[PDB]
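Protein chains in written order, with the authors' numbering: chain A, 15 to 100, 145 to 220; chain B, 1 to 73; chain C, 114 to 131; chain D, 1 to 176; chain E, 148 to 162, 176 to 195; chain F, 3 to 140; chain G, 271 to 393; chain H, 488 to 663, 677 to 682; chain I, 63 to 292; chain J, 79 to 134.
Notes follow the structure.
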Amino acid sequence: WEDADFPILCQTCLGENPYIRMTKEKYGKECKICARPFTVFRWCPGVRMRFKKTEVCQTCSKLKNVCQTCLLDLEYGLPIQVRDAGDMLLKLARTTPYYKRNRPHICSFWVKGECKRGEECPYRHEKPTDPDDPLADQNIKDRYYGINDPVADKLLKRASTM
Amino acid sequence: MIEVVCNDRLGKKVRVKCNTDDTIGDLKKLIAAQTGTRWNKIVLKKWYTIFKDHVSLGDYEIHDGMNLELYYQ
Amino acid sequence: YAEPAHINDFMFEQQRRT
Amino acid sequence: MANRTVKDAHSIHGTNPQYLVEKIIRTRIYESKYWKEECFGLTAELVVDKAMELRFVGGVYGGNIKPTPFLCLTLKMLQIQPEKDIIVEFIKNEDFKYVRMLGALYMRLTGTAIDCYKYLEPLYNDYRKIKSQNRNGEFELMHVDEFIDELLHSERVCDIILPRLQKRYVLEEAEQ
Amino acid sequence: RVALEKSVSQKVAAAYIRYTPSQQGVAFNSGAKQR
Amino acid sequence: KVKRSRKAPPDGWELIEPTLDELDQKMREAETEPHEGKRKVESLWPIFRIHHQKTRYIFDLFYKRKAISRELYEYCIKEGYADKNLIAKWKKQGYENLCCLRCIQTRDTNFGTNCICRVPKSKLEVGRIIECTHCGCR
Amino acid sequence: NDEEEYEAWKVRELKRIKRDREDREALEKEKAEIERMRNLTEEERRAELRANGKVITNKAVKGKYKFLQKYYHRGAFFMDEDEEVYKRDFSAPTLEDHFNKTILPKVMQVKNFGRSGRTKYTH
Amino acid sequence: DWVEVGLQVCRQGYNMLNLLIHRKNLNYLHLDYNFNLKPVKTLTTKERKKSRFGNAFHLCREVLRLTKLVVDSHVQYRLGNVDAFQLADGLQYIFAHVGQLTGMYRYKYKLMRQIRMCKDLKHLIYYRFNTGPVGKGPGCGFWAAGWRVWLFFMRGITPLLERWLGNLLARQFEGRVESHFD
Amino acid sequence: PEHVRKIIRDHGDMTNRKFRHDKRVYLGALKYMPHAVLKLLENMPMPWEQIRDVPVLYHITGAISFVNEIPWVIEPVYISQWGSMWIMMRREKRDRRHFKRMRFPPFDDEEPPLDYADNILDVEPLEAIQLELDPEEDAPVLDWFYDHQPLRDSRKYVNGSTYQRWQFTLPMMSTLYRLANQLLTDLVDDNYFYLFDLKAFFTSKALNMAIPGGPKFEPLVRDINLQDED
Amino acid sequence: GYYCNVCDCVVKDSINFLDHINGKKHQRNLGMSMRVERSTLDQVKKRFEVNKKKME
RNA sequence: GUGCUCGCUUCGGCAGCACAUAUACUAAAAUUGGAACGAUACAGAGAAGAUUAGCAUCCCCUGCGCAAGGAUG
RNA sequence: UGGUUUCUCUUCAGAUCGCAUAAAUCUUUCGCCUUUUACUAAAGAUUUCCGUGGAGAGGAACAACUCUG
RNA sequence: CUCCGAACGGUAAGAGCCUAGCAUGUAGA
Ligand SMILES: O=P(O)(O)O[C@H]1[C@H](OP(=O)(O)O)[C@H](OP(=O)(O)O)[C@H](OP(=O)(O)O)[C@@H](OP(=O)(O)O)[C@H]1OP(=O)(O)O
Numbered sequence: 015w016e017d018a019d020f021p022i023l024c025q026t027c028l029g030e031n032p033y034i035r036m037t038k039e040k041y042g043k044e045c046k047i048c049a050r051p052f053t054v055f056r057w058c059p060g061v062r063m064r065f066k067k068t069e070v071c072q073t074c075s076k077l078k079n080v081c082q083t084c085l086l087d088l089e090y091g092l093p094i095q096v097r098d099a100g145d146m147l148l149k150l151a152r153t154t155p156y157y158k159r160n161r162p163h164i165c166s167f168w169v170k171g172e173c174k175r176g177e178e179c180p181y182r183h184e185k186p187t188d189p190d191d192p193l194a195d196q197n198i199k200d201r202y203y204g205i206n207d208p209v210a211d212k213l214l215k216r217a218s219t220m
Numbered sequence: 001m002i003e004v005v006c007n008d009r010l011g012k013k014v015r016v017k018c019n020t021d022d023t024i025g026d027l028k029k030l031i032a033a034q035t036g037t038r039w040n041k042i043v044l045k046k047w048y049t050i051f052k053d054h055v056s057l058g059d060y061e062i063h064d065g066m067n068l069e070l071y072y073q
Numbered sequence: 114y115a116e117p118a119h120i121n122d123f124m125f126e127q128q129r130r131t
Numbered sequence: 001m002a003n004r005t006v007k008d009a010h011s012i013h014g015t016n017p018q019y020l021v022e023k024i025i026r027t028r029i030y031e032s033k034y035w036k037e038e039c040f041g042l043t044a045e046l047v048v049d050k051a052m053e054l055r056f057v058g059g060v061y062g063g064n065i066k067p068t069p070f071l072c073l074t075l076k077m078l079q080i081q082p083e084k085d086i087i088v089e090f091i092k093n094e095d096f097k098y099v100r101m102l103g104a105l106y107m108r109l110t111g112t113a114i115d116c117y118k119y120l121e122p123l124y125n126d127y128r129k130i131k132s133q134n135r136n137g138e139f140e141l142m143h144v145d146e147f148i149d150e151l152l153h154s155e156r157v158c159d160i161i162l163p164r165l166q167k168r169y170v171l172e173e174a175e176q
Numbered sequence: 148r149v150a151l152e153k154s155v156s157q158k159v160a161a162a176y177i178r179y180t181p182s183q184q185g186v187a188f189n190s191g192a193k194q195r
Numbered sequence: 003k004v005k006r007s008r009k010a011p012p013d014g015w016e017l018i019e020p021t022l023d024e025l026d027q028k029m030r031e032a033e034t035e036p037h038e039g040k041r042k043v044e045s046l047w048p049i050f051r052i053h054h055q056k057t058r059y060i061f062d063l064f065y066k067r068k069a070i071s072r073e074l075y076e077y078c079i080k081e082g083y084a085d086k087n088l089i090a091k092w093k094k095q096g097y098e099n100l101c102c103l104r105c106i107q108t109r110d111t112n113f114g115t116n117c118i119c120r121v122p123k124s125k126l127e128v129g130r131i132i133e134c135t136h137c138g139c140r
Numbered sequence: 271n272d273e274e275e276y277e278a279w280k281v282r283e284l285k286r287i288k289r290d291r292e293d294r295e296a297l298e299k300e301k302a303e304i305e306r307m308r309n310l311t312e313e314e315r316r317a318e319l320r321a322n323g324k325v326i327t328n329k330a331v332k333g334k335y336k337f338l339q340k341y342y343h344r345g346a347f348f349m350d351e352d353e354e355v356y357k358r359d360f361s362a363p364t365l366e367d368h369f370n371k372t373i374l375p376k377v378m379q380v381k382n383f384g385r386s387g388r389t390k391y392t393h
Numbered sequence: 488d489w490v491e492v493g494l495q496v497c498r499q500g501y502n503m504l505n506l507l508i509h510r511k512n513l514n515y516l517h518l519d520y521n522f523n524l525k526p527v528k529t530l531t532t533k534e535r536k537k538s539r540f541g542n543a544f545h546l547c548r549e550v551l552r553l554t555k556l557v558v559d560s561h562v563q564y565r566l567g568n569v570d571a572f573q574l575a576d577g578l579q580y581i582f583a584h585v586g587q588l589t590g591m592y593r594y595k596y597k598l599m600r601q602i603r604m605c606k607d608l609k610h611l612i613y614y615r616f617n618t619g620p621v622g623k624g625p626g627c628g629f630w631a632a633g634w635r636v637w638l639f640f641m642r643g644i645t646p647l648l649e650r651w652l653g654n655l656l657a658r659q660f661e662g663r677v678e679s680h681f682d
Numbered sequence: 063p064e065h066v067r068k069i070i071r072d073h074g075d076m077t078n079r080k081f082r083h084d085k086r087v088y089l090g091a092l093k094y095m096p097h098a099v100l101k102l103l104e105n106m107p108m109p110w111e112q113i114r115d116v117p118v119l120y121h122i123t124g125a126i127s128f129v130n131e132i133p134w135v136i137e138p139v140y141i142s143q144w145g146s147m148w149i150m151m152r153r154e155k156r157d158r159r160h161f162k163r164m165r166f167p168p169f170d171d172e173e174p175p176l177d178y179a180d181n182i183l184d185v186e187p188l189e190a191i192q193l194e195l196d197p198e199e200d201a202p203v204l205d206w207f208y209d210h211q212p213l214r215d216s217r218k219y220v221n222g223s224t225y226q227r228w229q230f231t232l233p234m235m236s237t238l239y240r241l242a243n244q245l246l247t248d249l250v251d252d253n254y255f256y257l258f259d260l261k262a263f264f265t266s267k268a269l270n271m272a273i274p275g276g277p278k279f280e281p282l283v284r285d286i287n288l289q290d291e292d
Numbered sequence: 079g080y081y082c083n084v085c086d087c088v089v090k091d092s093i094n095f096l097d098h099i100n101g102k103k104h105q106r107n108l109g110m111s112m113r114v115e116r117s118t119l120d121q122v123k124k125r126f127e128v129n130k131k132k133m134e
């Protein structure tokens, strides 16, 4: 059917430490990249991280050559719409990635005001993003396929500014 | 004495022997004695014809073997 | 390229976290 | 419209507050003339308006299950799930004899075991009368102390089954 | 016999590691030689 | 509550009668608490917290104060006043203030280790206000 | 009828107080009936005093199946109410037992192509 | 305790049938507290073709109905009638009515070989119990003979029902001559 | 402890109390149901005593309750337990003639179980079938023949505490045989010898000739019965 | 048949004509099904006093 | 936190020694989209056929199926 | 020579391993039969389940009471 | 003389309108 042995992920999603821990769940989690169950590999990126898992399928991510969790690229980091446009990947890339890719989700009780968890709340009790921007309006195939990619649109537009 | 078979859906099918001049209130007490429910919460029906609580069995011409579709209220 | 090791998981997780 | 009038407020002793009566009685009461004119809108102040207008104490009647407005207002109060102060207000109010009887059904169904014996005990001293719809649809006279003693009796009320945590003798060894 | 028993256990059920990051490991979280 | 033995418990049970009755009434009131407020497993936290205080009262009366007799100690462990496995883990010097017996199980964790309840704060990280989800506290 | 309603409310509350007093006395009367029956078997009379009868709730009036009438059971679901509909002596030919089933040539148990059991109940 | 262990299974056994109908997406039936099936709307235009289950759902309801009657007899012992014939005469009829009134015939008919075995054990006890001054009164019927046959009925159905109702719980998540010689 | 009473309490909540992502496992793990129903009927409360505890291997979601104890009462101890219970029921009808039977459905088809009432009720009649044994002839069987926990875990003249091979004395089994004599039919090995022995029914089945009273007329093994020659 | 004003439709049943007015696509921001409980002591007790004053 | 140092050495305490070393599909959540062959009103299975038949060479539903059944190219 | 218990896991069981006894499948037989499953029981052998027996491995409770010799 | 059966082979066929008990818990800026 669909089996795997090791996750093809990026160094940003792998965690900011040489030693990590993986958890393999064979044939589960319903990977929507190929509509087939894959080995869901959960891990911990570090202290105060998101502790996410694998989302895309194994064979479905081999043709795209992107991360298992971030699903951007393999070496540069641009989206698939920006990678298929064009070196163009040398200038659009950026080393030392931000912690927002490994940051946890927001607290819905903090947005509602009744954050009864307190200082032991694992979620981030900060302000959410602006919904007027297209950066918080992506989808499943919108990030995987190059069609309707808002992150790739601003990457080619801001590349010619000065 | 007619053997009315109160055969409802989903396995609940029992035989209920009652007299011809016996009322329908006596029939629900005998039907509940073989089914296992309260006799006040049983409504007998034959194609959306809910029977009364005071009419005898001899008035409906319910002969022997005339099965009934039991329902619960 | 995968390359497993036969080291202990207890001493490795204790040394990296320290 | 018919699931629950509160999104997340509280819960019944063993299930959803809407699923406290029997499912055969709740399905017939959900499609009724008195229910469809009331379930389109019902508030806390609107619950006191409809309960004071009706003077009847009973459940189903007729061939088809035709629910009384006493059982219809009981399901609308259980779907709304008001506070304990509003339920204590409807039991202590002497504005109508049916108003105190409507609060007693919501007390014995969803209230606690100690709260049920504490609230229904002053209701036993009432000597007033009320009209009750029988099985054949005819009206029958029932005293207020006769209906209050029936709620503390065995579970044989009109579409109601909720035993206490103990009896009156077993609760007497622990508390008053 | 061990390979057939592993397939029979798989049929009756249904019916550390260190990968060197040679993809993009240059400067982002440097020092990860074995990962 | 029924003692479930009817076998005439010895002396010293009347000395510990209202103390164990107050702890048993606290757990019965905690068991009657609704599921509101607790997120997913926070409702089981006062169940172990009342059980931890019930085992600490018998163990202090037997080991620390040594006032209760051994015949009343064996009758209390048989009637259900304190778990025998919880008193056995506290006899060792390595664990004397353990949170719960579920946290000491090695097979409970997915990574195959202990919980945060059986870990000192000085050997842990600096910023950590975490609590054990399975046990209940640190 | 205010004075008549206060008399009936005092009549029902006195019976309710008598019902609660007899409820706790029912546990005492159950131990007293066990104490009286134990002394009656011990040192009252050696088969010379029974002081009772054959009090059964539902009647045991029965009859006899003619030759192959079906074993119609009354159903063991309500045996404490002692209603008049139960005591009817269910030994009547319902549908097919009206025949004598002896003039018939060899045997006719069920002619509906389902005779799994092969028995006549003489062995 | 055993009574708390019995009410834990019967609450969990009824919670199966509520979730199985809710996963069947038929919100007009209502499983009763006595582990029966009671329709509400009494509609039989074309909904009766989707309400007919197989020989595994009704056998799963019939076992839990007999399991509840063994559990609720001890629950009535704690509150109602007790200490003389509650567990004795109650499990007498629970051995008797399981072949007579309660239970189910539509699942298997080899149960009737154990019904007539359990009914034969009833006549074995009675004529060795009513030999003296007992005579004709309904009495003890101690739960050792009729308990033995139905404990072996579940001892044979426990390897069975995992193969009977194993595929029924699996379809909700998996999704289901001489011419050859010529 | 009392941990199982809290987990089963959240049964049908609106995805906020053991119902968010656990309802699918709650109906799937409970599909191993009749193995639990077998262990309920195996661990009967043994009506010659009152309600006794039993171990339980439950599930964290609360979709199973496995009574994981096998009843291993001692075979002489099990005979006199039902032997004394047979006499007290036989003496019950000779003293009492009322037949206050119970309604065989104990409740209507609308009631929840509500196990908090029977959990701590402080009421349990222990005098159920326990015969009043006099301390003159039943002296070695005074305390051993009254409960199920010393029936397998007596630990006095040690008998393998977790229900192992048990060893008794000579007057211990001698007082046992007095109670079992009311329900036994052992005289000699010659009453059932000629027409009821188990080896004698093989001749009743192979020769297809029934014994008058023994078997239930089993059919012939072969097909040729008789009438081979006139 | 009936006639829906805001929904602009025509039903034949009595409960369907009420459900087409409240509980439809046009009834989203027109008195939706998400109701709200009032005050247990302020709004509830004043309604019992106004019912006693209007009757008497 | 638990026990001990011929420690500072008071017995108020401090320092060290020995054991205990990483639980958490993370929330009481936020939303996101809709399905009865179900009632009601309209007409009411044709008051009419000349190819003569099957077998194997791609999937949904009822059912527990190593029985079976409907639809299929 | 030196340990009464208890829980985990590794084999063979030809002892009424079970002093008692279930279901399914396969190959042959009978009765009904009207499409089929649920059917009736005679023979034989293949699984599943309720369980168990000796003999090494790892924890807990006084292992120290000193058991046989 | 007391041996008690269950399902399938069954309600059609359609036109316009109306209302509901359900389910998922994401990477992204
Ligand atoms: O169904 P049967 O096999 O025939 O058994 C009949 C009764 O069964 P049910 O009618 O189903 O209850 C049974 O009562 P149960 O213990 O089952 O409750 C006994 O009646 P009783 O109550 O004790 O008197 C039987 O024996 P007797 O004691 O002699 O009567 C009686 O046999 P009879 O009909 O030939 O006389």
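All C-beta atoms in this analysis are idealised placements derived from N, C-alpha and C, irrespective of residue type, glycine included.
Per DSSP, the continuous beta strand (DSSP E) segment holding A/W57 begins and ends at 50-57. Per the CB criterion, closer than 5 Å to any heavy atom of ligand 1, the qualifying residues run in chain order as H/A583, H/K623, H/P625. Judged by their CB atoms, H/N521 and H/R498 are not nearer to each other than the 8 Å cut-off. Taking CB atoms only, G/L365 has a neighbour in chain B less than 8 Å away. Per DSSP, the continuous alpha helix (DSSP H) segment holding D/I25 begins and ends at 23-29.
Rounded to the nearest whole angstrom, the C-alpha separation of I/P174 and G/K299 is 32 Å. When C-alpha distances from H/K555 are compared across H/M503, H/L494, H/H680, the shortest belongs to H/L494.
In chain order, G124 place their CB closer than 6 Å to the CB of I/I70, counting only its own chain and leaving out the 5 sequence neighbours on each side.
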